[PDB]
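Student: File target_6.cif below, mmCIF, C-alpha atoms and all ligand atoms:
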data_start
#
loop_
_atom_site.label_atom_id
_atom_site.label_comp_id
_atom_site.auth_asym_id
_atom_site.auth_seq_id
_atom_site.Cartn_x
_atom_site.Cartn_y
_atom_site.Cartn_z
CA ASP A 53 127.62 -10.26 -136.12
CA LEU A 54 129.66 -8.43 -133.45
CA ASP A 55 127.40 -5.43 -133.92
CA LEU A 56 124.37 -7.74 -133.88
CA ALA A 57 125.52 -9.71 -130.83
CA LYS A 58 126.29 -6.64 -128.71
CA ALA A 59 122.91 -5.06 -129.49
CA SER A 60 120.96 -8.29 -128.95
CA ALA A 61 122.71 -9.10 -125.66
CA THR A 62 121.77 -5.63 -124.41
CA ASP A 63 118.15 -6.16 -125.45
CA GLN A 64 118.11 -9.43 -123.48
CA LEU A 65 119.69 -7.78 -120.42
CA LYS A 66 117.08 -5.00 -120.55
CA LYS A 67 114.35 -7.64 -120.72
CA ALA A 68 115.49 -9.46 -117.60
CA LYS A 69 115.73 -6.30 -115.49
CA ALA A 70 112.22 -5.30 -116.59
CA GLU A 71 110.65 -8.67 -115.84
CA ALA A 72 112.30 -8.87 -112.42
CA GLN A 73 110.60 -5.57 -111.63
CA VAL A 74 107.18 -6.72 -112.81
CA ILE A 75 107.44 -9.86 -110.63
CA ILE A 76 108.34 -7.72 -107.63
CA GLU A 77 105.46 -5.33 -108.42
CA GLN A 78 102.94 -8.17 -108.63
CA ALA A 79 104.32 -9.58 -105.37
CA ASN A 80 103.76 -6.27 -103.58
CA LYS A 81 100.20 -6.23 -104.94
CA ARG A 82 99.59 -9.77 -103.64
CA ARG A 83 101.05 -8.68 -100.30
CA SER A 84 98.55 -5.82 -100.25
CA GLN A 85 95.70 -8.23 -101.01
CA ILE A 86 96.78 -10.57 -98.21
CA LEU A 87 97.07 -7.70 -95.72
CA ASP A 88 93.74 -6.10 -96.64
CA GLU A 89 92.03 -9.47 -96.23
CA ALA A 90 93.87 -9.69 -92.90
CA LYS A 91 92.26 -6.41 -91.83
CA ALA A 92 88.86 -7.68 -93.01
CA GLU A 93 89.07 -10.95 -91.08
CA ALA A 94 90.35 -9.13 -87.98
CA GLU A 95 87.24 -6.95 -87.91
CA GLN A 96 84.88 -9.88 -88.58
CA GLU A 97 86.38 -11.86 -85.70
CA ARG A 98 85.99 -8.93 -83.30
CA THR A 99 82.30 -8.68 -84.21
CA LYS A 100 81.92 -12.31 -83.11
CA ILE A 101 83.81 -11.87 -79.83
CA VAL A 102 81.70 -9.01 -78.47
CA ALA A 103 78.46 -11.02 -78.81
CA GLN A 104 80.06 -13.86 -76.87
CA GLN H 2 66.73 -5.88 -65.00
CA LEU H 3 66.90 -7.89 -61.77
CA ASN H 4 63.67 -7.28 -59.87
CA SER H 5 62.79 -8.31 -56.31
CA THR H 6 59.01 -7.90 -56.67
CA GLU H 7 58.65 -10.52 -59.40
CA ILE H 8 60.53 -13.04 -57.23
CA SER H 9 58.20 -12.29 -54.31
CA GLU H 10 55.16 -12.75 -56.58
CA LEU H 11 56.52 -16.11 -57.76
CA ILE H 12 57.02 -17.34 -54.18
CA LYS H 13 53.44 -16.35 -53.35
CA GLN H 14 52.28 -18.22 -56.46
CA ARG H 15 54.04 -21.36 -55.23
CA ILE H 16 52.27 -21.01 -51.88
CA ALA H 17 48.98 -20.81 -53.77
CA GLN H 18 49.83 -23.87 -55.90
CA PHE H 19 50.46 -26.04 -52.81
CA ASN H 20 47.58 -28.30 -51.73
CA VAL H 21 47.47 -29.06 -48.01
CA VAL H 22 45.21 -32.14 -48.14
CA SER H 23 47.23 -35.35 -47.91
CA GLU H 24 47.04 -38.59 -49.90
CA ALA H 25 47.34 -42.24 -48.85
CA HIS H 26 50.58 -43.96 -49.87
CA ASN H 27 52.10 -47.42 -49.68
CA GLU H 28 55.27 -47.47 -47.57
CA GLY H 29 58.29 -49.70 -47.02
CA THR H 30 61.57 -49.97 -45.14
CA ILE H 31 65.20 -50.20 -46.19
CA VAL H 32 66.58 -53.55 -45.01
CA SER H 33 70.12 -53.68 -46.40
CA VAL H 34 72.61 -51.33 -48.08
CA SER H 35 75.75 -51.99 -50.14
CA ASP H 36 77.48 -50.32 -53.11
CA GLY H 37 74.37 -48.38 -54.14
CA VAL H 38 72.24 -51.54 -54.14
CA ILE H 39 69.27 -51.59 -51.76
CA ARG H 40 66.99 -54.30 -50.38
CA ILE H 41 63.56 -53.06 -49.24
CA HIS H 42 60.83 -54.80 -47.23
CA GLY H 43 57.25 -53.64 -47.81
CA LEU H 44 55.94 -51.81 -50.92
CA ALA H 45 53.31 -54.43 -51.75
CA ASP H 46 51.94 -52.11 -54.46
CA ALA H 47 55.24 -51.43 -56.26
CA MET H 48 55.85 -52.12 -59.96
CA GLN H 49 59.10 -52.97 -61.73
CA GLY H 50 60.86 -49.84 -62.99
CA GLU H 51 59.10 -47.64 -60.41
CA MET H 52 60.70 -44.60 -58.75
CA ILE H 53 60.96 -44.93 -54.95
CA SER H 54 61.56 -41.77 -52.93
CA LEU H 55 64.15 -42.04 -50.14
CA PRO H 56 64.80 -39.63 -47.25
CA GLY H 57 66.04 -36.33 -48.56
CA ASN H 58 65.53 -35.60 -52.26
CA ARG H 59 67.16 -38.85 -53.45
CA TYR H 60 65.38 -41.61 -55.40
CA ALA H 61 65.79 -45.32 -56.18
CA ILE H 62 64.77 -47.70 -58.99
CA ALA H 63 63.01 -51.01 -58.29
CA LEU H 64 64.89 -53.71 -60.22
CA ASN H 65 63.77 -57.06 -58.73
CA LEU H 66 60.39 -57.78 -57.16
CA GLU H 67 61.36 -60.74 -55.00
CA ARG H 68 58.83 -62.68 -52.92
CA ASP H 69 59.42 -60.77 -49.68
CA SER H 70 61.71 -57.89 -50.71
CA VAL H 71 62.48 -55.38 -53.45
CA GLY H 72 65.93 -54.99 -54.98
CA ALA H 73 66.73 -51.39 -55.86
CA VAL H 74 69.59 -49.01 -56.71
CA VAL H 75 70.16 -45.51 -55.31
CA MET H 76 70.43 -42.64 -57.80
CA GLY H 77 73.08 -40.68 -55.93
CA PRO H 78 75.42 -41.00 -52.95
CA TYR H 79 74.11 -44.04 -51.06
CA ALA H 80 76.43 -43.82 -48.03
CA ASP H 81 74.07 -41.60 -46.01
CA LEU H 82 71.38 -44.30 -45.74
CA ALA H 83 70.73 -46.78 -42.93
CA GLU H 84 68.50 -49.82 -42.38
CA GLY H 85 65.00 -48.91 -41.22
CA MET H 86 64.49 -45.59 -43.01
CA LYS H 87 60.98 -45.27 -44.41
CA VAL H 88 60.63 -45.19 -48.20
CA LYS H 89 57.47 -44.09 -49.97
CA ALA H 90 56.24 -45.30 -53.35
CA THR H 91 55.50 -42.87 -56.15
CA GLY H 92 53.60 -44.88 -58.73
CA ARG H 93 55.49 -42.95 -61.41
CA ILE H 94 57.57 -45.21 -63.58
CA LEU H 95 61.04 -43.73 -64.12
CA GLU H 96 60.53 -40.39 -65.86
CA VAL H 97 62.33 -37.21 -66.88
CA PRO H 98 61.25 -33.75 -68.09
CA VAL H 99 60.93 -32.96 -71.81
CA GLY H 100 60.28 -29.86 -73.89
CA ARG H 101 61.87 -27.24 -76.10
CA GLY H 102 62.41 -24.99 -73.06
CA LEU H 103 65.37 -27.23 -72.16
CA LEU H 104 67.59 -25.82 -74.91
CA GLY H 105 70.56 -24.07 -73.32
CA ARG H 106 70.49 -25.89 -69.96
CA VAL H 107 72.85 -28.32 -68.22
CA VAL H 108 70.90 -31.12 -66.56
CA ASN H 109 71.39 -34.19 -64.33
CA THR H 110 70.17 -37.61 -65.47
CA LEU H 111 67.25 -37.23 -63.02
CA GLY H 112 66.11 -34.04 -64.77
CA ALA H 113 67.39 -31.73 -62.03
CA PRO H 114 69.42 -28.74 -63.26
CA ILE H 115 73.15 -28.72 -62.50
CA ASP H 116 73.87 -25.18 -63.72
CA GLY H 117 73.28 -22.19 -61.46
CA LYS H 118 70.57 -20.87 -63.78
CA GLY H 119 67.66 -21.99 -61.60
CA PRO H 120 64.53 -24.14 -61.76
CA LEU H 121 63.54 -25.79 -65.01
CA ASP H 122 60.65 -25.27 -67.45
CA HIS H 123 59.29 -28.36 -69.17
CA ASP H 124 56.37 -29.59 -71.29
CA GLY H 125 55.40 -32.48 -69.01
CA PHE H 126 57.37 -35.71 -68.61
CA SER H 127 58.40 -38.54 -70.93
CA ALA H 128 59.23 -42.05 -69.77
CA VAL H 129 62.87 -43.14 -69.65
CA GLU H 130 62.03 -46.76 -70.53
CA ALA H 131 60.04 -47.09 -73.76
CA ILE H 132 59.98 -49.21 -76.92
CA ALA H 133 60.90 -47.49 -80.18
CA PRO H 134 58.50 -47.07 -83.12
CA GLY H 135 57.91 -50.25 -85.07
CA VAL H 136 58.84 -51.27 -88.60
CA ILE H 137 55.73 -49.80 -90.24
CA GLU H 138 56.11 -46.43 -88.52
CA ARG H 139 59.63 -45.80 -89.89
CA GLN H 140 60.55 -43.78 -92.99
CA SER H 141 63.65 -43.87 -95.20
CA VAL H 142 66.31 -41.26 -94.45
CA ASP H 143 66.56 -38.73 -97.27
CA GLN H 144 68.15 -35.50 -95.95
CA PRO H 145 71.74 -34.57 -95.08
CA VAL H 146 73.38 -33.70 -91.77
CA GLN H 147 76.18 -31.32 -92.76
CA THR H 148 78.90 -31.40 -90.14
CA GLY H 149 81.86 -29.07 -90.50
CA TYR H 150 84.45 -31.54 -91.77
CA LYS H 151 85.34 -32.28 -95.39
CA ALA H 152 86.02 -36.00 -95.00
CA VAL H 153 82.86 -37.27 -93.31
CA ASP H 154 80.52 -35.21 -95.50
CA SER H 155 82.27 -36.45 -98.65
CA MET H 156 83.20 -40.06 -97.84
CA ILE H 157 80.92 -41.12 -94.96
CA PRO H 158 77.74 -39.03 -95.34
CA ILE H 159 75.12 -39.01 -92.57
CA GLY H 160 71.39 -38.61 -93.11
CA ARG H 161 68.81 -37.31 -90.66
CA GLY H 162 67.71 -40.36 -88.66
CA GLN H 163 70.96 -42.29 -89.21
CA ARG H 164 73.04 -43.87 -86.45
CA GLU H 165 76.81 -43.64 -87.00
CA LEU H 166 79.50 -44.74 -84.54
CA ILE H 167 82.61 -42.60 -84.03
CA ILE H 168 85.23 -45.14 -82.93
CA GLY H 169 88.91 -44.87 -82.09
CA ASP H 170 91.50 -44.93 -79.34
CA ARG H 171 91.95 -42.38 -76.55
CA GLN H 172 93.14 -38.89 -77.54
CA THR H 173 92.28 -39.29 -81.22
CA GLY H 174 89.81 -36.42 -81.74
CA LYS H 175 86.49 -38.20 -81.15
CA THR H 176 85.08 -35.46 -78.88
CA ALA H 177 86.23 -32.63 -81.15
CA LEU H 178 84.58 -34.18 -84.21
CA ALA H 179 81.30 -34.72 -82.37
CA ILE H 180 81.05 -31.20 -80.96
CA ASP H 181 82.09 -29.67 -84.29
CA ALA H 182 79.17 -31.60 -85.75
CA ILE H 183 76.96 -29.97 -83.11
CA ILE H 184 78.40 -26.52 -83.82
CA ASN H 185 77.79 -26.72 -87.57
CA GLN H 186 74.09 -27.47 -86.99
CA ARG H 187 73.93 -24.05 -85.27
CA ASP H 188 72.17 -22.60 -88.33
CA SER H 189 70.76 -25.69 -90.10
CA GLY H 190 67.57 -25.91 -88.03
CA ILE H 191 68.52 -29.24 -86.41
CA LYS H 192 68.31 -29.37 -82.62
CA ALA H 193 71.28 -30.94 -80.84
CA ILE H 194 71.79 -33.00 -77.67
CA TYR H 195 75.10 -33.92 -76.00
CA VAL H 196 75.20 -36.68 -73.36
CA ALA H 197 78.41 -36.92 -71.31
CA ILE H 198 78.82 -40.28 -69.54
CA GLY H 199 81.79 -40.72 -67.22
CA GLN H 200 83.95 -37.85 -68.51
CA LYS H 201 86.22 -35.90 -66.19
CA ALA H 202 84.27 -32.86 -64.98
CA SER H 203 86.73 -30.19 -66.14
CA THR H 204 86.35 -31.54 -69.68
CA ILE H 205 82.57 -31.09 -69.58
CA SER H 206 82.81 -27.50 -68.39
CA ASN H 207 85.37 -26.72 -71.11
CA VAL H 208 83.13 -28.32 -73.75
CA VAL H 209 80.12 -26.26 -72.68
CA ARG H 210 82.31 -23.15 -72.69
CA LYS H 211 83.45 -23.87 -76.26
CA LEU H 212 79.83 -24.48 -77.32
CA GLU H 213 78.92 -21.08 -75.87
CA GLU H 214 81.98 -19.48 -77.47
CA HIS H 215 80.66 -20.38 -80.95
CA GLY H 216 77.01 -19.60 -80.14
CA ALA H 217 75.82 -23.19 -80.57
CA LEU H 218 74.84 -23.54 -76.90
CA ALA H 219 71.42 -21.95 -77.47
CA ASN H 220 70.62 -24.88 -79.79
CA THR H 221 71.82 -27.70 -77.48
CA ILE H 222 70.71 -29.72 -74.49
CA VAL H 223 73.60 -31.02 -72.35
CA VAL H 224 73.16 -34.02 -70.03
CA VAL H 225 75.92 -34.65 -67.49
CA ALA H 226 77.02 -37.65 -65.42
CA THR H 227 80.55 -37.14 -64.09
CA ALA H 228 83.15 -39.82 -63.39
CA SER H 229 82.55 -39.20 -59.67
CA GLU H 230 78.86 -40.12 -59.64
CA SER H 231 77.19 -43.44 -58.83
CA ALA H 232 77.24 -46.11 -61.52
CA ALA H 233 73.44 -46.24 -61.76
CA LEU H 234 73.34 -42.57 -62.78
CA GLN H 235 75.85 -43.25 -65.55
CA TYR H 236 73.98 -46.36 -66.71
CA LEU H 237 70.73 -44.37 -66.96
CA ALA H 238 72.30 -41.22 -68.47
CA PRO H 239 72.02 -42.25 -72.15
CA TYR H 240 68.43 -43.43 -71.66
CA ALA H 241 67.42 -40.04 -70.26
CA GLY H 242 69.20 -38.35 -73.15
CA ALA H 243 67.29 -40.59 -75.56
CA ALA H 244 64.00 -39.69 -73.87
CA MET H 245 64.60 -35.99 -74.58
CA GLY H 246 65.53 -36.50 -78.25
CA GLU H 247 62.28 -38.36 -78.92
CA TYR H 248 60.28 -35.21 -78.10
CA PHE H 249 61.46 -33.45 -81.26
CA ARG H 250 61.21 -36.62 -83.35
CA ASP H 251 57.52 -37.12 -82.54
CA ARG H 252 56.54 -33.50 -83.30
CA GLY H 253 57.98 -33.64 -86.82
CA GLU H 254 61.26 -31.84 -86.11
CA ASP H 255 64.87 -32.98 -86.59
CA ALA H 256 67.34 -33.59 -83.76
CA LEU H 257 70.95 -34.76 -83.37
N1 LIG T 1 91.28 -30.93 -86.74
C1 LIG T 1 92.19 -31.02 -85.76
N2 LIG T 1 93.44 -30.56 -85.98
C2 LIG T 1 94.35 -30.65 -85.00
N3 LIG T 1 94.20 -31.15 -83.77
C3 LIG T 1 92.96 -31.59 -83.58
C4 LIG T 1 91.91 -31.57 -84.48
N4 LIG T 1 90.77 -32.12 -83.93
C5 LIG T 1 91.14 -32.44 -82.71
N5 LIG T 1 92.45 -32.16 -82.44
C6 LIG T 1 93.19 -32.38 -81.20
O1 LIG T 1 92.94 -33.69 -80.73
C7 LIG T 1 93.24 -33.70 -79.31
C8 LIG T 1 92.24 -34.56 -78.57
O2 LIG T 1 90.91 -34.20 -78.99
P1 LIG T 1 89.63 -34.92 -78.40
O3 LIG T 1 89.44 -34.50 -77.00
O4 LIG T 1 88.46 -34.69 -79.34
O5 LIG T 1 90.02 -36.47 -78.48
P2 LIG T 1 89.38 -37.86 -78.03
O6 LIG T 1 89.92 -39.03 -78.79
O7 LIG T 1 87.86 -37.71 -78.15
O8 LIG T 1 89.76 -37.88 -76.49
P3 LIG T 1 89.33 -38.58 -75.11
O9 LIG T 1 89.31 -40.06 -75.42
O10 LIG T 1 90.26 -38.20 -74.00
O11 LIG T 1 87.90 -38.07 -74.89
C9 LIG T 1 93.32 -32.24 -78.86
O12 LIG T 1 94.67 -31.88 -78.57
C10 LIG T 1 92.79 -31.46 -80.06
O13 LIG T 1 93.42 -30.19 -80.23
MG MG T 2 86.07 -37.45 -75.24
#
What is this file in structure tokens?
Tutor:
Amino acid sequence: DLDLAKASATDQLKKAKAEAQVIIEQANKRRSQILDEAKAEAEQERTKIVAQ
Amino acid sequence: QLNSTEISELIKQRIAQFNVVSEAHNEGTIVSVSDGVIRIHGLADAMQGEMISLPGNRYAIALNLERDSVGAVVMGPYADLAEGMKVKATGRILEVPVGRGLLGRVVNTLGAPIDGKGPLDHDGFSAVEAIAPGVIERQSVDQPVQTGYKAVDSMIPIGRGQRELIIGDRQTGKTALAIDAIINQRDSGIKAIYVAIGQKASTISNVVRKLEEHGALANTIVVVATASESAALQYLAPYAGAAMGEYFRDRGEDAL
């Protein structure tokens, strides 16, 4: 159970590093969504202002 | 394109419209003046609620027909008057212009335009004092009036033809809620009217500017009586505003 415990602890440690990365990846994607919708709303607003 | 020739043609057309032959009129004299109230001697042919024309372009309303005098109120600055000035009687009962050509204009309670846009186009006149349609002529309200806000469309819904009082203390958002209601009818096919009684003038200009900023102004009539103007004008402001709204009601359209 020393051999088992060392191997299993490493598998757990691997897992946490991986899942931290996938959270950060998804966060950058959500950032990109927010910013692209920011560009979209910027343009829409300008189209209103010129008519005024 | 601004064009001089079309203006010249219009002036000539006004000369053609003028009729030189005169008409007999009943006349009277101002006897006493105070605080916008007037006492007039003469006008044997006057009727209660009539519009009396004073010197200049100002008018007055006949309130009391006493035995030997008429009690009246000036619809403007009264300080320029003096006992003895002749006043003529227009048989017209108090009236104001009406029509769909008024949309997008800022107008005094006497129907005169206050904006710099120019003279006004109207589909005749409607009377300021009138009695509303009777019990048999009414119909149940069955259609929504979608204002912008979540709360009042969900909890306190308003139907076309309903009367709903926005009540609260000063600086609580009453004005904002009302004009956001106007602005959301911009596309719903409901005509809008805004009557400002006694507000500070700067407010009214800022409100019209915000209505223009969202493109709702082309769907609104705005009636103005500033805090500076004579009390009679304020008192009659909502009645004039009501007289304009009835035009759309009676032609089968919806108005707010
Ligand atoms: N939805 C809102 N969110 C935040 N502030 C708002 C909102 N609606 C209105 N206000 C604010 O309320 C304040 C007063 O608005 P408003 O002029 O409509 O009030 P009022 O009670 O009608 O005022 P008054 O009695 O002076 O006419 C303004 O500062 C405005 O920004
Ligand atoms: Mg207000």
Student: Tell me the residues of chain A close to chain H, meaning within 10 Å using only C-alpha atoms, as JSON, numbers by chain.
Tutor: {"A": [100, 101, 103, 104]}
Student: Can you tell me, as an mmCIF file with C-alpha atoms, in the coordinates of the input, what residues are no more than 12 Å from residue H:232 when counting only C-alpha atoms, ignoring any on the same chain fewer than 6 positions away?
Tutor:
data_model
loop_
_atom_site.group_PDB
_atom_site.id
_atom_site.type_symbol
_atom_site.label_atom_id
_atom_site.label_comp_id
_atom_site.auth_asym_id
_atom_site.auth_seq_id
_atom_site.Cartn_x
_atom_site.Cartn_y
_atom_site.Cartn_z
ATOM 1 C CA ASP H 36 77.480 -50.320 -53.110
ATOM 2 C CA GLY H 37 74.370 -48.380 -54.140
ATOM 3 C CA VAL H 38 72.240 -51.540 -54.140
ATOM 4 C CA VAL H 74 69.590 -49.010 -56.710
ATOM 5 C CA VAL H 75 70.160 -45.510 -55.310
ATOM 6 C CA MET H 76 70.430 -42.640 -57.800
ATOM 7 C CA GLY H 77 73.080 -40.680 -55.930
ATOM 8 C CA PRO H 78 75.420 -41.000 -52.950
ATOM 9 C CA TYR H 79 74.110 -44.040 -51.060
ATOM 10 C CA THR H 110 70.170 -37.610 -65.470
ATOM 11 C CA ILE H 198 78.820 -40.280 -69.540
ATOM 12 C CA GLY H 199 81.790 -40.720 -67.220
ATOM 13 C CA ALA H 226 77.020 -37.650 -65.420
ATOM 14 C CA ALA H 238 72.300 -41.220 -68.470
#
Student: May I have the residues within 9 Å of residue H:48 as a PyMOL selection string, using all atoms listed in the file and disregarding those fewer than 4 positions away in the same chain?
Tutor: chain H and resi 63+66+92+94
Student: Take the residues from that selection and put them in a file with C-alpha atoms, as a PDB file, keeping the file's coordinate frame.
Tutor:
ATOM      1  CA  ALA H  63      63.010 -51.010 -58.290  1.00  0.00           C
ATOM      2  CA  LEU H  66      60.390 -57.780 -57.160  1.00  0.00           C
ATOM      3  CA  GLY H  92      53.600 -44.880 -58.730  1.00  0.00           C
ATOM      4  CA  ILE H  94      57.570 -45.210 -63.580  1.00  0.00           C
TER       5      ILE H  94
END
Student: Please report the interatomic distance between atom CA of residue H:128 and atom CA of residue H:235 in Å with one decimal.
Tutor: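 Atom-to-atom, atom CA of residue H:128 and atom CA of residue H:235 are spaced 17.2 Å apart.
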Student: At a cut-off of 6 Å and counting all atoms listed in the file, what residues surround ligand LIG 1 (chain T)? Please answer as a list in words.
Tutor: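 Selection of residues at most 6 Å from ligand LIG 1 (chain T): residues 171, 172, 173, 174, 175, 176 and 177 of chain H.
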Student: Print the selection's residues with C-alpha atoms to a file, as a tab-separated table (two decimals), keeping the file's coordinate frame.
Tutor:
chain	number	residue	atom	x	y	z
H	171	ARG	CA	91.95	-42.38	-76.55
H	172	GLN	CA	93.14	-38.89	-77.54
H	173	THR	CA	92.28	-39.29	-81.22
H	174	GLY	CA	89.81	-36.42	-81.74
H	175	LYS	CA	86.49	-38.20	-81.15
H	176	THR	CA	85.08	-35.46	-78.88
H	177	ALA	CA	86.23	-32.63	-81.15
Student: Between atom CA of residue H:183 and atom CA of residue H:256, what distance in Å does the model show, to one decimal?
Tutor: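 Value for the atom CA of residue H:183-atom CA of residue H:256 distance: 10.3 Å.
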Student: Which residues come within 7 Å of stretch 141-153 of chain H, counting only C-alpha atoms, excluding same-chain residues fewer than 4 positions away, as a PyMOL selection string?
Tutor: chain H and resi 157-162+181-182+185-186
Student: Which residues come within 12 Å of residue H:118, counting all atoms listed in the file, excluding same-chain residues fewer than 4 positions away, as a list in words?
Tutor: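 Skipping anything fewer than 4 positions along the chain leaves residues 103, 105, 106, 107, 108, 113, 114 and 122 of chain H.
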Student: Take atom CA of residue H:240 and atom CA of residue H:30 and report the distance between them in Å, one decimal.
Tutor: 28.2 Å
Student: Under the rule that all atoms listed in the file are counted, which of H:169, H:85, H:57, H:43 is the nearest residue to residue H:69?
Tutor: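 Ranking H:169, H:85, H:57, H:43 by distance to residue H:69, first place goes to H:43.
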Student: Restricting the calculation to all atoms listed in the file: of H:220, H:211, H:52, H:167, which residue gets closest to ligand MG 2 (chain T)?
Tutor: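 The shortest atom-to-atom distance to ligand MG 2 (chain T) comes from H:167.
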Student: Hey, can I get the axis-aligned box for stretch 199-215 of chain H? All listed atoms, 3 Å padding on each side, centre and edge lengths in Å to one decimal, as JSON.
Tutor:
{"center_x": 82.8, "center_y": -30.1, "center_z": -73.0, "size_x": 13.8, "size_y": 27.2, "size_z": 22.0}
Student: From the options H:184, H:246, H:253, H:200, which residue's atoms come nearest to ligand MG 2 (chain T), counting only C-alpha atoms and all ligand atoms?
Tutor: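 Smallest separation from ligand MG 2 (chain T) among the options: H:200.
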Student: From the list H:202, H:86, H:73, H:217, which residue is nearest ligand MG 2 (chain T) when using only C-alpha atoms and all ligand atoms?
Tutor: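 Under the stated criterion, the closest residue is H:202.
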